[PDB]
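Tertiary structure, described
In case you want the letters, here they are:
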Amino acid sequence: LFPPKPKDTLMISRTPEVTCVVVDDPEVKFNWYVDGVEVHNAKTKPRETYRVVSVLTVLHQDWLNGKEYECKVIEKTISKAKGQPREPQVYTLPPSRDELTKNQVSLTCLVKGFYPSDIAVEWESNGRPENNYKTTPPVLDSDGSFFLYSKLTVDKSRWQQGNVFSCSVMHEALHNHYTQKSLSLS
Amino acid sequence: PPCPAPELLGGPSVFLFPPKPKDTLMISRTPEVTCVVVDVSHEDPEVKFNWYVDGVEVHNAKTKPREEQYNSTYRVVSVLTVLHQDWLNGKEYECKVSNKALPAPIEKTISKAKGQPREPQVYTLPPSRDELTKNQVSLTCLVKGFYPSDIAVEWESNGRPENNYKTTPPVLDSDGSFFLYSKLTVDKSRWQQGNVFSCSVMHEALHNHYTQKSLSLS
Ligand SMILES: *[C@@H]1O[C@H](CO[C@@H]2O[C@@H](C)[C@@H](O)[C@@H](O)[C@@H]2O)[C@@H](O[C@@H]2O[C@H](CO)[C@@H](O[C@@H]3O[C@H](CO[C@H]4O[C@H](CO)[C@@H](O)[C@H](O)[C@@H]4O[C@@H]4O[C@H](CO)[C@@H](O)[C@H](O)[C@H]4NC(C)=O)[C@@H](O)[C@H](O[C@H]4O[C@H](CO)[C@@H](O)[C@H](O)[C@@H]4O[C@@H]4O[C@H](CO)[C@@H](O)[C@H](O)[C@H]4NC(C)=O)[C@@H]3O)[C@H](O)[C@H]2NC(C)=O)[C@H](O)[C@H]1NC(C)=O
Ligand SMILES: [K+]
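Residues numbered from 1 in each chain as written, not as in the entry; some residues may be left out. Chains lettered and ligands numbered in written order. Heavy atoms only, no water. Residues with missing side-chain atoms left out of burial classes, pairs and counts.

This entry, as listed in the PDB, derives from X-ray crystallography and reports a resolution of 3.216 Å.

Spelled out as structure tokens, the structure:
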């Protein structure tokens, strides 16, 4: 079993789903038990050795409250990490002086000290999303928490102006499951 | 009432491993291609290694002693020392293992990433204006636009290495290259005292396979 994408579980915009994957007789049996009670609102994807995948749509309040989901083929149970939540520290980093010589600069967002690793980072400017950005996977730090970096690449002309860029971070331990930190030239 | 011997119904598995990226780029270390054979049946423990470098057989390998694991099985490792020039040019290395418990000999091959190299751009980033409140500040090193992913990152201060750092794995960027970050955590007192820290990056596409960028308080 595989957990849903952290944004699907922390944002009401996308529908989260728990995915059961079987790799390596094409008849298979999937029995989904949500918190003990058997549910029959799951759909199994077509097969394609062959691999059969079963998907059960979960509710945002259901997953975020840590209710357990069981896939019965083999019996596997998955849920949110039971560790004590830690609030992410969000800091923005301007491009280096040595990078200003190039035509595009890299705006850096450090998101440190959060738990669990389930998180989602996005970049936005003037209310519109940004296209050219990538974010590292969460990295286990020394104190048992997690950190990551998010790199937004914009044209230097936008940075050379007074344009304002903001780092959007979404974590379970955040107020309203959402926070922002801005970054601009001055 | 002791249970009987383990079943071990199957065959020995083999896993080939490339040399460490640091050893392949620094003249102070010896790079090795490692051929590990696991699940060696105790009834038939003899293993035979045939090393092939791009087709031509090599006979300059060393085999480490057997190691019996907690699951009562053996582990036979054979190591082949490689030349820095040969690995960096993309030479293929083939390990051929032969055992009585294997129906046909298992063969694995490892080599350097074949793409057109890209030179990394290294930038150091000082702690954020908000982070100076804490007793420890984060020193950030951005390494972007390099291919292949095999790379080595370290930190250093006053000619001595800095150990308390963490580096993210390589992340595929939009242009087919890679980027990553390395976070060095130091006491705000050391950062305020004007000490100079350095991010050292080791990549095959760099000049002399090495570069440094320093960082100090303004
Ligand atoms: C009996 O037990 C032993 C060992 O267990 C020991 O005792 C128990 C009690 C525990 O305490 C264990 O911790 C302890 O080790 C069993 O032997 C194990 O067998 C499994 C597989 O059955 C092996 O897993 C493989 O792991 C490799 C990478 O492993 C690294 O990390 C290990 C620690 O996590 C470390 O011990 C390894 O040595 C190795 O670390 C490397 O070490 C070398 C030193 O020689 C060093 O040079 C390297 O730098 C270093 N590297 C790193 C990163 O640390 C993993 O890569 C394998 O996965 C491949 O294969 C899978 C298919 O089985 C697949 O699912 C994976 O995705 C991956 O797929 C491959 O990907 C490559 C990528 O290019 C691709 O080319 C391939 O085509 C693709 N497919 C294949 C088939 O390769 C794999 O998971 C353990 O390493 C091994 N432990 C050993 C040898 O110590 C034994 O099986 C048990 N037997 C029984 C009967 O129970
Ligand atoms: K040499």
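Having seen the model, we can carry on.
**A closer look at the overall build of chain A**
Helix and strand content of chain A: 3 helices and 16 strands. In terms of overall size, chain A is more extended than a compact globule, its C-alpha atoms giving a radius of gyration of 20 Å where 186 residues would be expected to give roughly 16 Å. Judged by the C-alpha coordinates and their principal axes, chain A covers about 60 × 35 × 30 Å. (Helix = DSSP H or I, 4+ residues; strand = E, 2+ residues; numbered from the N terminus. Rg over C-alpha atoms; globule rule 2.2 N^0.38 Å.)

**Details of the domain arrangement of chain B**
All names here are of chain B. Split into domains, chain B comes out as domain 1 (12-111) and domain 2 (112-218). Between the C-alpha centres of domain 1 and domain 2 the distance comes to 32 Å. In terms of residue count, the dominant contributor to the side of domain 1 that touches domain 2 is helix α1 (residues 21-25) (3 residues). (Domains from an automatic or database assignment.)

**Observations concerning the sheet that holds strand β7 (residues 75-78) of chain A**
Residue and element names in this part refer to chain A. One open sheet accounts for 4 strands, arranged β3-β2-β6-β7; its pairing is antiparallel. Of all strands in the sheet, those bounded by a partner on one side alone are β3 (37-39) and β7. Across this sheet, the average inter-strand angle for adjacent strands is 30°, counted without regard to direction. (Pairing = 2+ DSSP bridges. Axes fitted to C-alpha atoms, helices over the stretch in contact; angles between N-to-C directions.)

**What to know about the domain arrangement of chain A**
Residues and elements named next belong to chain A. For chain A, the assigned domains are domain 1 (1-79) and domain 2 (80-186). In terms of residues, the side of domain 1 that touches domain 2 owes the most to one element, helix α1 (residues 6-10), which gives 3 residues. Taken together, the residues of the side of domain 1 that touches domain 2 sort by class into 4 nonpolar, 1 polar and 1 charged. (Nonpolar A, V, L, I, M, F, W, Y, C, P; charged D, E, K, R; others polar.)

**Quick look at the UniProt feature "disulfide bond" in chain A**
Residue and element names in this part refer to chain A. Sulfur atoms of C20 and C71, annotated by UniProt as disulfide partners, sit 2.0 Å apart, under the 2.5 Å cut-off for a formed bond. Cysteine pair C109 and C167, annotated in UniProt as disulfide-bonded: S-S separation 2.0 Å, below the 2.5 Å cut-off, and the bond is accordingly regarded as formed. On the criterion of sequence distance, the pair formed by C109 in strand β9 (residues 104-114) and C167 in strand β15 (residues 164-171) is long-range, its members being 58 residues apart. (Disulfide = S-S within 2.5 Å. UniProt positions renumbered as here; feature names shortened; annotations may be inferred.)

**Some details on the pattern of salt bridges**
Residue and element names in this part refer to chain B. Ionic pairing is found between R75 and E67, a salt bridge with its closest N-O pair at 2.6 Å. Between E162 and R190 there is a salt bridge, with its nearest N and O atoms 3.1 Å apart. Of the two residues, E162 sits in strand β12 (residues 160-162) while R190 sits in helix α3 (residues 188-192), which places them 28 residues apart along the sequence. (Salt bridge = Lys/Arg side-chain N within 4 Å of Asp/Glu carboxyl O.)

**Observations concerning unusual backbone geometry**
Residue A:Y115 is joined to A:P116 through a cis peptide bond whose omega torsion reads 0°. Among the structural elements, A:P116 can be located in the loop between β9 and β10 (119-125). With an omega of 5°, the peptide bond running from B:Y147 to B:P148 counts as cis. Within the secondary structure, B:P148 sits in the loop between β10 (136-146) and β11 (152-157). A positive phi angle, close to 55°, is found at A:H177, a residue other than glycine. Structurally, A:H177 is set in the loop between β15 and β16 (179-184). One non-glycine residue, B:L8, adopts positive backbone phi at about 55°. By secondary structure assignment, the location of B:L8 is in the segment before β1 (13-17).

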